[PDB]
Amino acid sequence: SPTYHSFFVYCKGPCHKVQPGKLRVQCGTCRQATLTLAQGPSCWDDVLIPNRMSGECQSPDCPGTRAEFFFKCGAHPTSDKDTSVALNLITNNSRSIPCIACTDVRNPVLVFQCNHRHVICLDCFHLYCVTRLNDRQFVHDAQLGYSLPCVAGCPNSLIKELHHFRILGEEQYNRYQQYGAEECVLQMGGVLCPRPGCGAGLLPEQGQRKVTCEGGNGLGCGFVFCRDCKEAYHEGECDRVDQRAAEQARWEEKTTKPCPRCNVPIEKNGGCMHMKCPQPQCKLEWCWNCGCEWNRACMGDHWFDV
């Protein structure tokens, strides 16, 4: 069996891309991996929202009870300080839901938070982002920043977790981070350097037709152009969705398994994989997905499932 990954993070290095991640927990007081939970997480809310969960710290002389969750890259060994941000939209495609754009079944996939919960693959999410970025069609939000909604155009589907734009790659992501400053230069009646390589945000004298690509702190490529036609400076004068694919690509379209040791059935209590046999004879703790004994690798790879 290949490893079942519930979690995906963006690793700042050495990976510099999206990788499967490991979920971890520590005492919110002492910041040590000694926080014991009465019952494990079952959803993203349990791990993303501060103080949502509780437990008891096994550390000597620590009264902490706050469960603090963080993620790490799974590609390589990592310090417990080397945390990465969780791309909570990215989902394990257990259900084999087709993509909304290429209609291929891939894993993992990004699931928007609209009502229909449309599904899109990471390669097609990249394309959607780069297009919107080039056509300068990101949506401004009220002090939130620039985001995108579901590719279907659904309402209430803006991505709140802006780090999901890291999946564009460092080049495209840098552009996105600079999106606002570009928009604002233009709103101030400024202009961008016509040279595709440069594209500096310039604020030449109002009225001035002759613009030189130069600016604050050494910025500039030295190109000298006309402000009206964007050509080099001249003396004289100028001269998406498929309706069927979108219905197929919906996240919302097995409930009991026999205990592995004793065989009495158990019903799945939430999204948590940690199964505890209530049967006195047995009392096997096991992983709902893998059917094996409960263990750290399971916690890290898929403590809960979505």
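We number the residues from 1 along the sequence you see.
Novice: What does the record say about the segment between residue 253 and residue 254: how many deposited residues are without coordinates (none, 1 to 3, 4 to 9, 10 or more)?
Specialist: Unmodelled stretch: 4 to 9 residues.
Novice: Count of coordinate-less deposited residues separating residue 61 and residue 62, as none, 1 to 3, 4 to 9, or 10 or more?
Specialist: Unmodelled stretch: none, continuous chain.
Novice: Regarding 207-215 and 194-202, which shows the higher C-alpha temperature factor on average in the entry?
Specialist: Taking the mean C-alpha B-factor of 207-215 and of 194-202, the larger value falls to 207-215.
Novice: Averaged over C-alpha atoms, is the B-factor higher for 227-235 or for 80-88 in this PDB entry?
Specialist: Comparing 227-235 with 80-88, the higher average CA B-factor belongs to 227-235.
Novice: Among all modelled residues of this chain, ranked by Cα B factor, put residue 98 in the bottom, middle or top third, i.e. lowest, middle or highest.
Specialist: According to the entry, residue 98 has a C-alpha B-factor in the chain's highest third.
Novice: Among the modelled residues of this chain, does the Cα B factor of residue 147 put it in the lowest, middle or highest third?
Specialist: Lowest third, going by the recorded CA B-factors of the chain.
Novice: Split into thirds by Cα B-factor across the chain's modelled residues, where does residue 136 land: lowest, middle or highest?
Specialist: Tercile = highest for this residue's CA B-factor.
Novice: Place residue 277 in the lowest, middle or highest third of its chain's C-alpha B-factors, as listed in the PDB entry.
Specialist: Its C-alpha B-factor, which the entry lists for residue 277, ranks in the middle third among residues of this chain.
Novice: Name the third of the chain's ranked CA B-factors that contains residue 175, choosing lowest, middle or highest.
Specialist: Middle third of the chain for residue 175's C-alpha B-factor.
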